[PDB]
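Below is one structure; the comments refer to it alone.
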Amino acid sequence: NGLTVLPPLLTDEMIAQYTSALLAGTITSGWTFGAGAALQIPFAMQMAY
Amino acid sequence: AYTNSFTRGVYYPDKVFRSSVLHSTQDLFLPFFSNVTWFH
Amino acid sequence: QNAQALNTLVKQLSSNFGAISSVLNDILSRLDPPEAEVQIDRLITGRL
Amino acid sequence: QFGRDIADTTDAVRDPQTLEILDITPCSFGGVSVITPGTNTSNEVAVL
Ligand SMILES: *[C@@H]1O[C@H](CO)[C@@H](O[C@@H]2O[C@H](CO)[C@@H](O[C@@H]3O[C@H](CO)[C@@H](O)[C@H](O)[C@@H]3O)[C@H](O)[C@H]2NC(C)=O)[C@H](O)[C@H]1NC(C)=O
Ligand SMILES: *[C@@H]1O[C@H](CO)[C@@H](O)[C@H](O)[C@H]1NC(C)=O
Ligand SMILES: *[C@@H]1O[C@H](CO)[C@@H](O)[C@H](O)[C@H]1NC(C)=O
C-alpha cells in the first residue's frame, strides 16, 4: 500500500563470493592480503605465526 | 444436570478465508471450559 | 522488528484518527467536499 | 467469499457469478529512477 522493499546492491551470491575471498586470503596468505598484495604461506606456518 | 464444555463451540466469525495464520478476533463465543446445562 | 514496524504502519491505515471512516472513499461520498476537508485533514494528520 | 493476507488486506475473491477463485494483486507502481552519466560528459539518460 505505497510501501516498497528495494533490493540490496550486492546479491547474496556476491556476499558469499566476498566472504569466500576474505576466507581464501585468510587461509592462503595470513594477514598479508589486508596489509598489501596477498603473499602465499603454508597454513601450518601461518598458525605458528 | 451440569457438564464441562471442554474446548468446544468455536465457529467461523466471518466469511473470510485466512491461510495457515493465527488470526485473532473479538466476538460472542462459548467461554472455554464453561459449564453447560445438560438435560436428560 | 522491521516486520512489526511495517505491519504497524499498514494497520495504522485502517485507524480512524477521529474521522468518520479510515476509508478515504467513504469520506469522499458520505459528505460534501467542504466538510470532507476536515475528515481528510484528520486522516492526513493521523497517517502523517 | 474472499481471502485475506497476514496484514488482513484482501488477497483473493470468489466470483459470485461463477464460483472460481480470483487472486487479487495490487496495480503495479514504483520509482522512476533516472540513470545518467555526468551532464559534463553527455545528455543521454536511461530510465529504471
Ligand atoms: C449462474 O450459475 C449457472 C450455473 O453454473 C450458470 O449457468 C451454466 O451452468 C452450467 C452447469 O453449472 C455450467 O457448466 C457447463 O459449461 C459448459 C461451457 O462450455 C457447457 O458446454 C455445458 O453445457 C454446461 O453449461 C455453465 O458453465 C454455466 N454458465 C453458462 C454461461 O452457461 C449461469 O450462467 C450463471 N448466471 C448467469 C446470469 O450467467
Ligand atoms: C458447574 O456447575 C455445578 C453446579 O453449580 C458445579 O457442581 C460444578 O463444580 C461446576 N463446574 C465448573 C467447571 O465450574
Ligand atoms: C567538464 O566538461 C568540459 C567540457 O565541456 C571539460 O573541459 C572538463 O574537463 C569536464 N570535467 C570533468 C570533471 O569531466
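Letters A, B, ... mark the chains of the C-alpha cells in the order given; residue numbers begin at 1 per chain; ligand numbers begin at 1, in order shown.
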Residue hits in chain D, query chain C, radius 9 Å, only C-alpha atoms, as a ChimeraX atom specification:
/D:6-8
Just write the chosen residues, N, CA, C and O atoms, as a PDB file, in the first residue's frame.
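Generated output (part_30.pdb):
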ATOM      1  N   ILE D   6      -1.753 -11.900   5.688  1.00  0.00           N
ATOM      2  CA  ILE D   6      -1.328 -11.799   7.095  1.00  0.00           C
ATOM      3  C   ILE D   6      -1.636 -10.416   7.701  1.00  0.00           C
ATOM      4  O   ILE D   6      -1.963 -10.308   8.874  1.00  0.00           O
ATOM      5  N   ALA D   7      -1.598  -9.358   6.900  1.00  0.00           N
ATOM      6  CA  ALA D   7      -1.945  -7.991   7.288  1.00  0.00           C
ATOM      7  C   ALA D   7      -3.439  -7.661   7.100  1.00  0.00           C
ATOM      8  O   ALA D   7      -3.837  -6.501   7.157  1.00  0.00           O
ATOM      9  N   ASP D   8      -4.264  -8.680   6.870  1.00  0.00           N
ATOM     10  CA  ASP D   8      -5.707  -8.640   6.658  1.00  0.00           C
ATOM     11  C   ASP D   8      -6.165  -7.723   5.510  1.00  0.00           C
ATOM     12  O   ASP D   8      -7.313  -7.283   5.465  1.00  0.00           O
TER      13      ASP D   8
END
Skipping near chain neighbours, those fewer than 6 positions away, what residues fall within 10 Å of residue 7 in chain B using only C-alpha atoms, listed as a PDB file with N, CA, C and O atoms, in the first residue's frame?
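Saved result, around.pdb, follows:
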ATOM      1  N   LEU B  30     -18.854 -19.190  23.131  1.00  0.00           N
ATOM      2  CA  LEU B  30     -18.962 -20.010  24.336  1.00  0.00           C
ATOM      3  C   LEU B  30     -17.615 -19.992  25.064  1.00  0.00           C
ATOM      4  O   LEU B  30     -16.630 -20.409  24.459  1.00  0.00           O
ATOM      5  N   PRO B  31     -17.527 -19.536  26.321  1.00  0.00           N
ATOM      6  CA  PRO B  31     -16.252 -19.464  27.011  1.00  0.00           C
ATOM      7  C   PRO B  31     -15.624 -20.847  27.108  1.00  0.00           C
ATOM      8  O   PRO B  31     -16.315 -21.836  27.354  1.00  0.00           O
ATOM      9  N   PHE B  32     -14.318 -20.950  26.921  1.00  0.00           N
ATOM     10  CA  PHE B  32     -13.670 -22.248  27.004  1.00  0.00           C
ATOM     11  C   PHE B  32     -13.819 -22.835  28.404  1.00  0.00           C
ATOM     12  O   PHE B  32     -13.733 -22.131  29.404  1.00  0.00           O
ATOM     13  N   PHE B  33     -14.066 -24.143  28.478  1.00  0.00           N
ATOM     14  CA  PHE B  33     -14.285 -24.860  29.737  1.00  0.00           C
ATOM     15  C   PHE B  33     -15.427 -24.283  30.596  1.00  0.00           C
ATOM     16  O   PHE B  33     -15.453 -24.479  31.806  1.00  0.00           O
ATOM     17  N   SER B  34     -16.377 -23.575  29.983  1.00  0.00           N
ATOM     18  CA  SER B  34     -17.689 -23.363  30.597  1.00  0.00           C
ATOM     19  C   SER B  34     -18.567 -24.547  31.033  1.00  0.00           C
ATOM     20  O   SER B  34     -18.202 -25.717  30.901  1.00  0.00           O
TER      21      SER B  34
END
Just need the residues of chain A within 12 Å of chain D, counting only C-alpha atoms, so spit them out as a compact mmCIF listing (two decimals) with N, CA, C and O atoms, in the first residue's frame.
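Once everything was written out, this is out28.txt:
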# COMPACT_ATOMS: atom_id res chain seq x y z
N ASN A 1 0.81 -1.22 0.00
CA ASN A 1 0.00 0.00 0.00
C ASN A 1 0.86 1.29 0.00
O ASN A 1 0.87 2.03 0.98
N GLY A 2 1.62 1.54 -1.06
CA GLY A 2 2.60 2.64 -1.14
C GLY A 2 3.97 2.29 -0.56
O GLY A 2 4.97 2.90 -0.92
N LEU A 3 4.04 1.27 0.29
CA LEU A 3 5.28 0.69 0.80
C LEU A 3 6.00 -0.11 -0.28
O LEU A 3 5.37 -0.78 -1.08
N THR A 4 7.33 -0.07 -0.29
CA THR A 4 8.16 -0.82 -1.23
C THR A 4 9.42 -1.33 -0.54
O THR A 4 10.00 -0.62 0.27
N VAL A 5 9.88 -2.53 -0.87
CA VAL A 5 11.19 -3.03 -0.43
C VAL A 5 12.11 -3.05 -1.63
O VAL A 5 11.82 -3.70 -2.62
N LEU A 6 13.20 -2.32 -1.56
CA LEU A 6 14.20 -2.25 -2.62
C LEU A 6 15.25 -3.35 -2.41
O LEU A 6 15.54 -3.71 -1.28
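Taking CA of residue 10 in chain D as the reference point, CA of residue 24 in chain D is found at 7.3 Å.
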Write out as a Markdown table a residue-level contact list of chain B versus chain D with cut-off 9 Å: for each qualifying residue the closest pair of atoms and the distance in Å to one decimal, counting only C-alpha atoms, rows sorted by chain and residue number upward.
| residue | atom | partner | partner_atom | distance |
| --- | --- | --- | --- | --- |
| B:15 | CA | D:1 | CA | 5.7 |
| B:16 | CA | D:2 | CA | 5.3 |
| B:17 | CA | D:3 | CA | 4.4 |
| B:18 | CA | D:4 | CA | 5.5 |
| B:19 | CA | D:5 | CA | 7.6 |
| B:21 | CA | D:6 | CA | 6.9 |
| B:22 | CA | D:6 | CA | 8.7 |
| B:23 | CA | D:6 | CA | 8.2 |
Excluding same-chain residues fewer than 4 positions from range 12-29 of chain C, what lies within 9 Å of it counting only C-alpha atoms, as a ChimeraX atom specification?
/C:7-8,33,36-43,45-47
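Every protein, DNA or RNA residue with an atom at most 12 Å from residue 49 in chain A, where only C-alpha atoms count and chain neighbours fewer than 3 positions away do not, is listed here: residues 29, 30, 31, 41, 42, 43, 44, 45 and 46 of chain A.
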Which residues are near ligand 2 - at most 8 Å, using only C-alpha atoms and all ligand atoms? Format: as JSON, numbers by chain.
{"B": [1, 2, 3, 4, 33, 34, 35, 36]}
Taking only C-alpha atoms and all ligand atoms and a cut-off of 12 Å, can you tell me which residues surround ligand 1, written as a PyMOL selection string?
chain D and resi 15-20
Could you list, as a PyMOL selection string, all protein and nucleic acid residues with an atom at most 9 Å from ligand 3, counting only C-alpha atoms and all ligand atoms?
chain D and resi 38-41
Spatial neighbours of residue 36 in chain D, max dist 9 Å, only C-alpha atoms, sep filter under 2 positions, as a PyMOL selection string
chain D and resi 34+38-39+42-47
Need the shell around residue 38 in chain A: protein/DNA/RNA residues with any atom at most 7 Å away, counting only C-alpha atoms. Skip same-chain ones fewer than 5 positions apart. Format as number ranges by chain?
A: 25, 29, 32-33
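Distance-wise, CA of residue 14 in chain B and CA of residue 29 in chain B end up 13.1 Å apart.
Taking chain C and asking which residues DSSP calls helix (DSSP H, G or I) on the backbone, you get residues 2, 3, 4, 5, 6, 7, 8, 9, 10, 11, 24, 25, 26, 27, 33, 34, 35, 36, 37, 38, 39, 40, 41, 42, 43, 44, 45, 46 and 47 of chain C.
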Export of the given selection (C-alpha atoms) as a PDB file, in the first residue's frame:
ATOM      1  CA  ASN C   2      11.139  -4.417  10.774  1.00  0.00           C
ATOM      2  CA  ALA C   3       8.147  -6.699  10.052  1.00  0.00           C
ATOM      3  CA  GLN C   4       6.322  -5.428  13.192  1.00  0.00           C
ATOM      4  CA  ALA C   5       7.035  -1.783  12.237  1.00  0.00           C
ATOM      5  CA  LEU C   6       5.902  -2.292   8.589  1.00  0.00           C
ATOM      6  CA  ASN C   7       2.740  -4.226   9.617  1.00  0.00           C
ATOM      7  CA  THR C   8       2.047  -1.493  12.231  1.00  0.00           C
ATOM      8  CA  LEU C   9       2.457   1.212   9.564  1.00  0.00           C
ATOM      9  CA  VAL C  10      -0.012  -0.731   7.340  1.00  0.00           C
ATOM     10  CA  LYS C  11      -2.530  -1.412  10.180  1.00  0.00           C
ATOM     11  CA  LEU C  24     -10.938   7.681   2.034  1.00  0.00           C
ATOM     12  CA  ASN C  25     -13.713   6.842  -0.478  1.00  0.00           C
ATOM     13  CA  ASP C  26     -16.271   6.796   2.387  1.00  0.00           C
ATOM     14  CA  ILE C  27     -15.258  10.353   3.324  1.00  0.00           C
ATOM     15  CA  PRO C  33     -16.163  18.148  -0.007  1.00  0.00           C
ATOM     16  CA  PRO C  34     -16.207  21.305   2.258  1.00  0.00           C
ATOM     17  CA  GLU C  35     -16.938  19.097   5.317  1.00  0.00           C
ATOM     18  CA  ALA C  36     -14.857  16.172   3.994  1.00  0.00           C
ATOM     19  CA  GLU C  37     -11.806  18.537   4.135  1.00  0.00           C
ATOM     20  CA  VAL C  38     -11.850  18.226   7.964  1.00  0.00           C
ATOM     21  CA  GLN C  39     -12.262  14.443   7.868  1.00  0.00           C
ATOM     22  CA  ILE C  40      -9.395  14.137   5.345  1.00  0.00           C
ATOM     23  CA  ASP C  41      -7.342  16.592   7.463  1.00  0.00           C
ATOM     24  CA  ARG C  42      -7.778  14.251  10.491  1.00  0.00           C
ATOM     25  CA  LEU C  43      -6.747  11.225   8.382  1.00  0.00           C
ATOM     26  CA  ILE C  44      -3.798  13.123   6.836  1.00  0.00           C
ATOM     27  CA  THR C  45      -2.718  14.275  10.317  1.00  0.00           C
ATOM     28  CA  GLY C  46      -3.017  10.735  11.736  1.00  0.00           C
ATOM     29  CA  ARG C  47      -1.277   8.990   8.821  1.00  0.00           C
TER      30      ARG C  47
END
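The coordinates place CA of residue 26 in chain B at 12.0 Å from CA of residue 12 in chain B.
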